[PDB]
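Examining the three-dimensional arrangement
Now for the letters of each chain:
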Amino acid sequence: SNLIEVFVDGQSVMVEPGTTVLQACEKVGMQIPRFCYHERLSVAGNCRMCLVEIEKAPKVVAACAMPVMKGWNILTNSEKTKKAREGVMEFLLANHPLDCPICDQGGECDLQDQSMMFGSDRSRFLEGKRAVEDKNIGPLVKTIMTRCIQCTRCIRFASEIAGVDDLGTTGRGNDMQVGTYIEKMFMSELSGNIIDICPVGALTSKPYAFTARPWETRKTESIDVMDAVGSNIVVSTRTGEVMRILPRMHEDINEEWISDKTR
Amino acid sequence: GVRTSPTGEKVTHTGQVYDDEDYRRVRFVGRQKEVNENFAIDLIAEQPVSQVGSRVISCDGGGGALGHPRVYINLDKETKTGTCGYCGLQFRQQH
Amino acid sequence: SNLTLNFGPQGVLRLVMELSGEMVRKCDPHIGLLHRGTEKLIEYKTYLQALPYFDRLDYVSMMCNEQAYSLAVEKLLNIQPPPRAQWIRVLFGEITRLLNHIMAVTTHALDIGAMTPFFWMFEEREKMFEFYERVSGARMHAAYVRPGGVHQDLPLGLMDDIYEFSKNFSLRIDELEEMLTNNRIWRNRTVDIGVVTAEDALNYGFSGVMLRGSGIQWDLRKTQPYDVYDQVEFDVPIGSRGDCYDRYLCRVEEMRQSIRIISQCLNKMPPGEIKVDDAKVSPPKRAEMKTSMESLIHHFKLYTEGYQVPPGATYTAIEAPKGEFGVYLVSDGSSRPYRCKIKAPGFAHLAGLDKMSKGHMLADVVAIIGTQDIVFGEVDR
Amino acid sequence: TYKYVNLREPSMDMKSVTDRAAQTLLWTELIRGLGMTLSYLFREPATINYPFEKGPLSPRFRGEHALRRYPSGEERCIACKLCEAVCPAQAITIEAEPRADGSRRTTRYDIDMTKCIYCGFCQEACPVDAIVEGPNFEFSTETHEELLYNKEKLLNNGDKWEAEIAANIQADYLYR
Amino acid sequence: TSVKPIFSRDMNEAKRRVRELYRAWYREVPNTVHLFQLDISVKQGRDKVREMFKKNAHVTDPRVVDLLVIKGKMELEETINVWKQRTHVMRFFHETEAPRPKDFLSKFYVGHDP
Amino acid sequence: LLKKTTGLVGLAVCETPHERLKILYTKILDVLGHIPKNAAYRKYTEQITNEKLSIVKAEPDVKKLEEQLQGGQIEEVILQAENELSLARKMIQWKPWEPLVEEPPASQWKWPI
Amino acid sequence: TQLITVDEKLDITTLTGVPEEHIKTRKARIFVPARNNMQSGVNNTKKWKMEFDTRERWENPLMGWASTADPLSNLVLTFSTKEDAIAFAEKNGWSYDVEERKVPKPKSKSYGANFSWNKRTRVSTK
Amino acid sequence: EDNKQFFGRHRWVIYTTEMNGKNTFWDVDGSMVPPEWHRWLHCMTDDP
Amino acid sequence: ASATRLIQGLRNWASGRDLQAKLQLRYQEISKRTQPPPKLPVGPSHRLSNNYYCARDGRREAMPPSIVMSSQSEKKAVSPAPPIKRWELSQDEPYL
Amino acid sequence: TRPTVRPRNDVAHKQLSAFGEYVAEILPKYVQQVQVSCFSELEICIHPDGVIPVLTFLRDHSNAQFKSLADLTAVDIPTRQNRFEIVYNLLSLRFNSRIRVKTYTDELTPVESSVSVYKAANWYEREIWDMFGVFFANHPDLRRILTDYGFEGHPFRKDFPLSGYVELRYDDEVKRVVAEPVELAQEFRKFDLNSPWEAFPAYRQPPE
Ligand code: SF4
Ligand code: SF4
Ligand code: SF4
Ligand code: SF4
Ligand code: FES
Ligand SMILES: [K+]
Ligand SMILES: [Zn+2]
């Protein structure tokens, strides 16, 4: 073979050339945190949550877009890696709104969960927050852009998998806004899957909105019958009533997407 | 702002009222259906839209720590008021 | 042949007696009449949610069992409470000890026949339940001592009232002790009754006064000390004959020494916070929950999911007034316990009831069920 | 650090032996117990005149549940379901939907008061002070299903008891 | 596949224990109907004991029938010693329960349960 | 000195504790001689019993022997010597110096699962 | 000796006290649970789980609650391997079906692929 | 009020004879106290 | 506190104790039911600098249990701790 | 890590490690593992044939003197072929110490009763029969202690539901408390509360 040896916390692993730091850590079961990286989108590298120390190197590197070189020891649990995670989570929660009780993403939020796992437990932010004008992209996705953390999974999904090219960032700096820039109604055949990949409650499901809450739902694994693809789904229910339909990972059918009729 | 079904049974703030042919009205026979007569959707429509001179307003529901979590509302739309998501109060930039 | 009686459930206890006239040849306590499956319900609830079950085990020793469970969870979390929370825990643990020994002594006198110091000492017990209601809002089951410290700081003017109570409570102990200790009828009901040797008391798993009435010099607040019991000064009463009268005197002297500890805790209460300042375990303040983003996320995740406890097993035992109260807590890494065995002293004491009532009479069985302070909530779980 | 209860040896001179025999024959400690009971006969009893006199309570007291409103009539509850998530008895059942003005509100908010353990985790989990466990403890019923409160009963409890609930929260919120 | 035994070494010692337990229950049933003043006949209680023994007749494991004999001994101890009440004895006779649907068609009529 | 009581209920005062401890310690060593030499129980129990017996043979006083045997009252030191003697008599029958009777299953003590 | 030989299949169904209605009619699903697609973490996809088929939930006439008659409706069991769950289901007389663990296949990620000279995989924005 | 009494007796209420259409001359009831007096009567505050 | 001195003297004679010094009924010496509002202190982690959570983390400094012996010379015999120090008798009131 | 982190006691850790070596080398016939937790608690994991030789050693050996049986516990872990994990918590008053002795069984292997060593177990492992179904051989009075008399099954097994299979009610036809199949007016609502992000990297298990 041509596998190069790298190290994750001293443990040797044999990876292909071109494998990043994040996948090399995934091969030993360690999951580096992330917000903008998604394994089916293109690599963006623009949330800096995956910053990890390579030892004998005086700079943390973005693990989603850094290919490993032969001989690196990836320190996934060292001190400056955890300081990088706490700092980036502090900046992510600097302008994020206190909407967790009124947010549908609460209980299933990536920002909540890895703020618990990797963030600081309190705030140093003594200022006022930004408030972003909400957009209207159709009757399926509820858009509350104050909750956006600008990870650009919107744009990569609509540009690459949905093939639409109608989401993007207008503005510059802290005033940068993911949106459509006009009252344009983002209605693809795969327009609901951005509810899946949005790590925050900026894009939620408008028919599902306010009705249920993910800890109380029972998850039953089932099959789509709306089309002849055979998409694996999870029907999540609550007290004998169907609440929503989510995809399942099947690498040969629907990789982790479903059509809008299914959803 | 309560209303009443043709059965005489009062309609709640949800809109719930039993049907005419539903047996479960027998629990109110000889007793009363307890509804609240202060509908919050009617009481929040009586509040004035607060005219402010900023682009972003904040709301904490009044009282400080006695209200809700403090949220910031963007007021860039002159077409529409910016409603607080917790308390239902609504704001407008005055220009 | 010999007599067989069934003193049934008409807490509660079923007793199957094999008697030989006036004597007692065999005492079989049928229990389970308050088995509610507490430590299976704990397995489906989070650590904060499993906390109020411990109030209802020894339902005259509420904040003690809260303290034992909180110490178990804080041991598995590798965090410690602030010092003021520790002094508040020891303060209300000794107030709880006064509650339990008033319940013990006055019901042990009520069952034998002295029905009057019951009414005399439940007014003092009513005032201590007012202390619980002022500190937490409920009179018995407070849910106050939590992993990380306590739930809420002492309201202003509570310590002055605990002073005014503790100043007068020794006279109440003295008039109880005037009614019972030198009373010849009380001594005739308790002196030759249930003599427990020290080796059989160690073997039967006895704990607390059930050891210390037999001369064993063992108290977990001295030997395996918890929160600030190495910083208070008190004495440990030791019996001489292992009978009901020495255990009565040990409980009266533990009321004396609890008053001593409460005086020292009132004079040595430090300033500071009352929860651990890790907001990933103890919830933030409501003023900063409604202002900070991290604190709102931590409020949400602690009151829906709860803190994840690292995987591990612990046996945390404290000195409850009935004896060694233990929690064997097994955590699998989630925010709910995998297992929570609840060791309570009354279970082993009621197991030793059969040896303690050999050769005695039928009206000595109620004295032996009194000298083991048996609350069947902690026995049956 | 330890003391011996009941390890006194009685004296054996003629004085103390005659003292113990006088205590036996003349019933002196029994007269001491009669004297203590006679002392309590001539005290004022601790008895309050209920229902006309009430036992003293604190502003932290956990009684009957109520749903509060903002000072505009809008109800505080925004259906976040933290209170049924933390409820150790699972006494709270909540169902929600957006209403006609888009507000996140509940359609079902039930508290089974016979399941409730009255520990007040719902009021301390509530991020907007909506559910409170107010001051009322005199709400005994003649029927079991009268202790199964829906949202209308809890909102009527809030409208009934707000004048006292707001003052208790005002007196207590700085400890919270 | 070598296990530590409970009481029996093979199936024949276990059938000896089952046989003596059935003998003890068969002797006990008239006293059980008498002192609990049950409304059943002695034959009906003996048919219930026969039904409860034949319910577990398919077991071919010595340790499982060892634990079944031990649990039958515990039930017999709770019956001879008056520890059970009349309710605990009559819980074997599921009287107040409705007759369960047996065929396909009535189970189709009443609900979804297979 | 004639200690009037031990303090512990059910444990009477032994009048001659020195000769009693010497008899019990030499009987422990005599029973303990029947164990093979490579067993760690024999070496450790000979070590602690020889330390205790040299302390008993060094001191004529009862009470200073209590403060340097470091085991409480002298009567519960006697009772622990009796318990050690009965333990050694059991350990001859059990033979626990042997290797492990059975390896556990692979994930038998893996926690968490 | 003191060890007997039992070459039979392990079976404890007459000891567990389960009524027969919930033994020979219930179908245990043994599966690795799917990752919640709202989230990106995979700590819930590590262990094998055994659940059962859902039975009837209905509406309470009084309050509108979800009444049930299924005792096993909330029973979720956790297993380290698939074989432990299969052995536990065979031991308890439960008929079972086993879904295989679905793992995400290794992806070939290149950040430079966003900026190719001649390939279609250029991003139009970033 | 009577601040010479002990704590518990020092505040009390004489219920009315007719409240909401019920003759409460003999049927006095604990729930007849309105909530603005319920902090004062249960000593939740010092202030009437 | 309302008893006349004849009944008060009969009561103190019958009990044998001075009961007015320690009355079990509470009076004006208690705290006020209305209090001034508090200002509770912040803890030690309320800081704006040198306050990284990776230097004050408790749940992640806990380790798995160290395996001392597993099945995959003249050393001293040991005990789980030194023997317990003998309790000293009280000087306050030993009843001796 | 001064205010909020529980302080490590390295003295008791080194002492319990030395005593764990001591017990592992005196009794190699049964001792399978010896481990000391990060909060300094010693566990001796033994084979179920050596319940009586280990517990009589720690009760009687002059360096151990574990005279008190604090607690006796079973833990149900269904992913093991020996699903039940029997836990003995022992207290030495001479050396002020606590030790945990852990063994294992499945449903059908009996464990030898330790009532010969500690009579306290006379109810405790009796409880283990009522709750778990672990038979204890040579027990004087082994029967149910906590559940109702006609109760079938063992409740603390994890394949046993939260509610039972039967519920009681008074029936007026038969004038009797009767048992019927359990039907709840409201189902116990199972919450899925586990976060999908790893909390503790120290406890990370290596993959396949
Ligand atoms: S997106 Fe996440 S962090 Fe933001 S308000 Fe919603 S649940 Fe809270
Ligand atoms: S709306 Fe969501 S998916 Fe889109 S850029 Fe913002 S955080 Fe990312
Ligand atoms: S007080 Fe406790 S039990 Fe009652 S509804 Fe609130 S959280 Fe639930
Ligand atoms: S009462 Fe409070 S905690 Fe409960 S759902 Fe409403 S807002 Fe949330
Ligand atoms: S995950 Fe690598 S930077 Fe966003
Ligand atoms: K989303
Ligand atoms: Zn607002």
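Residues numbered from 1 in each chain as written, not as in the entry; some residues may be left out. Chains lettered and ligands numbered in written order. Part of a larger assembly, values for the part shown. Heavy atoms only, no water.

Looking at the PDB entry, chain I carries the name Mitochondrial complex I, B14.5a subunit, with the source organism given as Ovis aries. Under its PDB record, the entry appears with the title "Deactive complex I, open4".

If you look chain F up in the PDB entry, it shows as Mitochondrial complex I, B13 subunit from Ovis aries.

This part is about the overall build of chain F. Helix and strand counts for chain F stand at four helices and zero strands. Helices and strands in chain F line up, N terminus first, as α-α-α-α. Relative to the 2.2 N^0.38 estimate, which gives 13 Å for 113 residues, the radius of gyration of chain F is 19 Å and therefore markedly larger than a compact globule would have. Its C-alpha atoms put chain F at 60 × 35 × 20 Å along the principal axes. Within chain F, the fraction of its 113 residues that count as buried is 44%. In chain F, the share of contacts with a sequence separation of at least 24, taken over all contacts with a separation of at least 6, comes to 63%. Carbon and sulfur atoms provide 52% of the accessible area of chain F, an area that totals close to 6,000 Å². Placing the 16 positive and 16 negative side-chain charges of chain F at their respective mean positions leaves the two points 2 Å apart. (Helix = DSSP H or I, 4+ residues; strand = E, 2+ residues; numbered from the N terminus. Rg over C-alpha atoms; globule rule 2.2 N^0.38 Å. Buried < 20%, exposed > 50% of the residue type's maximum accessible area, 1.4 Å probe, protein only. Contact = heavy atoms within 4.5 Å. Areas by Shrake-Rupley, 256 points an atom, 1.4 Å probe, with all protein chains shown as cover. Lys, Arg positive; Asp, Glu negative; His and termini not counted. Charge placed at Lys NZ, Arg CZ, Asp CG, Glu CD.)

Moving on to the interface of chain I and chain A. The interface is formed by nine residues belonging to chain I together with eleven residues belonging to chain A. When chain I packs against chain A, close to 980 Å² is buried across both sides, 47% of that on carbon and sulfur atoms. Among the residues of chain I in contact with chain A, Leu48, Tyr52 and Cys54 of chain I are the three that bury the most area, contributing 48% of the side total. Remark: the boundary between chain I and chain A carries one salt bridge. For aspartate 121 of chain A, the salt bridge is made with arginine 56 of chain I, and the minimal N-O distance between the two is 2.5 Å. Classifying every residue of the side of chain I that touches chain A gives four nonpolar, three polar and two charged. (Buried area = accessible area lost by both parts, 1.4 Å probe. Salt bridge = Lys/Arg side-chain N within 4 Å of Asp/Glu carboxyl O. Nonpolar A, V, L, I, M, F, W, Y, C, P; charged D, E, K, R; others polar.)

Moving on, we come to the pattern of salt bridges. Tallied over the entire structure, the rule returns 121 salt bridges over all chains. One salt bridge in this structure joins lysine 29 of chain J and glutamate 98 of chain F, with 3.8 Å as the shortest N-O distance. With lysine 29 of chain J in the loop between α1 (10-26) and β1 (31-36) and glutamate 98 of chain F in the segment after α4 (74-94), the pair connects residues from two separate chains. By relative accessible area, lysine 29 of chain J is classed as buried at 12%. The salt bridge partner of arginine 26 of chain G is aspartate 70 of chain G, with a shortest N-O separation of 2.5 Å.

Right, let's get into the pairing of strand β2 (residues 42-46) of chain J. All names here are of chain J. Within β2, five of the five residues are buried, leaving the element largely enclosed by the surrounding structure. Judged by which residues are buried, β2 turns out to be covered on both faces: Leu42, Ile44 and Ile46 on one side and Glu43 and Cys45 on the other are all buried. Note that β1 and β2 share five bridges and pair antiparallel. Across the sheet, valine 31 pairs through a bridge with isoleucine 46, a residue of β2. Hairpin connection, β1 to β2: the antiparallel pair is bridged by five residues, and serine 40 has positive phi, about 60°. Sheet analysis places β2 next to strand β5 (residues 97-105), joined by four bridges and oriented parallel. Residue pairing in the sheet places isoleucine 44 in a bridge with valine 101 of β5. (Pairing = 2+ DSSP bridges.)

Moving on, we come to the interface of chain J and chain C. Contact residues are listed per partner, giving 59 residues for chain J and 61 residues for chain C. Carbon and sulfur atoms supply 57% of the area that chain J and chain C bury against each other, a total of about 5,200 Å² over both sides. If you look at where chain J meets chain C, you find six salt bridges. Here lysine 158 of chain J ties to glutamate 43 of chain C by a salt bridge, and the two come within 3.3 Å at their closest N and O atoms. For the pair chain J and chain C, the interface holds 27 residue pairs in polar contact. (Polar contact = N/O pair within 3.5 Å; in protein donor to acceptor, adjacent residues only side chain to side chain.)

For the rest of this paragraph, the subject is the sheet that holds strand β2 (residues 14-19) of chain C. All names here are of chain C. Spatial ordering of the open sheet is given by β1-β2-β3, a layout of three strands whose pairing is antiparallel. Strands with a single pairing partner mark the edges of an open sheet, and in this sheet they are β1 (3-7) and β3 (24-30). On average, adjacent strands in this sheet sit at an angle of 15° to one another, irrespective of strand direction. Where β2 and β3 come together, six bridges link them in antiparallel fashion. Paired with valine 16 across the bridge in β3 is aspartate 28. Here helix α14 (residues 362-371) sits on the sheet and contacts β1, β2 and β3; the angle it forms with β2, its principal contact strand, is near 140°. (Axes fitted to C-alpha atoms, helices over the stretch in contact; angles between N-to-C directions.)

Attention shifts here to the coordination of the zinc ion (ligand 7). Residue and element names in this part refer to chain B. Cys59 (SG), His68 (NE2), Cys84 (SG) and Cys87 (SG) make up the full set of protein donors to the zinc ion (ligand 7), lying at 2.0 to 2.3 Å. Here the zinc ion (ligand 7) binds four donor atoms, and the angle range of 104 to 126° at the metal identifies the geometry as tetrahedral. When the donors of the zinc ion (ligand 7) are listed by position in the chain, the intervening gaps give C-x8-H-x15-C-x2-C. Placement of the pair is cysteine 59 in strand β4 (residues 56-59) and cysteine 84 in the loop between β6 (82-83) and β7 (90-93), with a sequence separation of 25 residues. In terms of burial, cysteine 59 and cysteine 84 fall into one category: buried. (Donors = N, O, S within 2.8 Å, 3.2 Å for Na, K, Ca; no water. Tetrahedral: all angles 85-135°; square planar, octahedral: opposite > 155°, others 65-115°.)

Glancing now at the site of ligand 1. Taken together, 13 residues lie around ligand 1, and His96, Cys100, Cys103, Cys109 and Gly201 of chain A are the ones closest in. With respect to ligand 1, its neighbouring residues span chains A and C. Split into classes, the residues belonging to the shell around ligand 1 amount to seven nonpolar, five polar and one charged. (Near = heavy atom within 4 Å.)

Grouped together as the largest cluster of nonpolar side chains are 356 residues, with contacts concentrated most on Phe92 and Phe325 of chain C, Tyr109 of chain D together with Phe57 and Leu58 of chain J. Looking at which domains feed residues into this core, each of domain 1 (1-212) and domain 2 (213-263) of chain A supplies at least three. Counting residues in hydrophobic clusters, the runner-up holds 18 residues, among them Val18, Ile23, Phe52 and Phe79 of chain G. (Core = buried A, V, L, I, M, F, W, Y, C linked by side-chain atoms within 4.5 Å. Domains from an automatic or database assignment.)

The next subject is a nonpolar patch on the surface. A contiguous nonpolar surface patch, about 650 Å² in accessible area, is contributed by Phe104, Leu105, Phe108, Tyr109 and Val110 of chain E. Overall, the relative accessible area of 60% leaves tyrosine 109 of chain E in the exposed class. (Patch = residues over 30% accessible without salt bridge, like charges linked within 9 Å, V, L, I, M, F, W, Y side chains within 5 Å.)

Leftover empty space is mapped by rolling, across the atoms, a probe with the size of a water molecule. Taken as a whole, the largest cavity holds about 570 Å³ of empty space. Considering the residues around the largest cavity, the lining is formed by 41 residues, among which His151, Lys275, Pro283 and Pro284 of chain C together with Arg176 of chain D are closest to the centre. Secondary structure elements with two or more residues in the lining of the largest cavity: α11 (286-289) and α12 (293-304) of chain C together with α4 (121-125) of chain D. Of the residues that constitute the lining of the largest cavity, the class distribution is 15 nonpolar, eleven polar and 15 charged. (1 Å grid on protein atoms, 1.4 Å probe; cavity = no way out; pocket = protein on both sides within 12 Å on 5 of 7 lines; lining within 4 Å. Points joined across faces, edges and corners; volume = space filled by probe spheres on them.)

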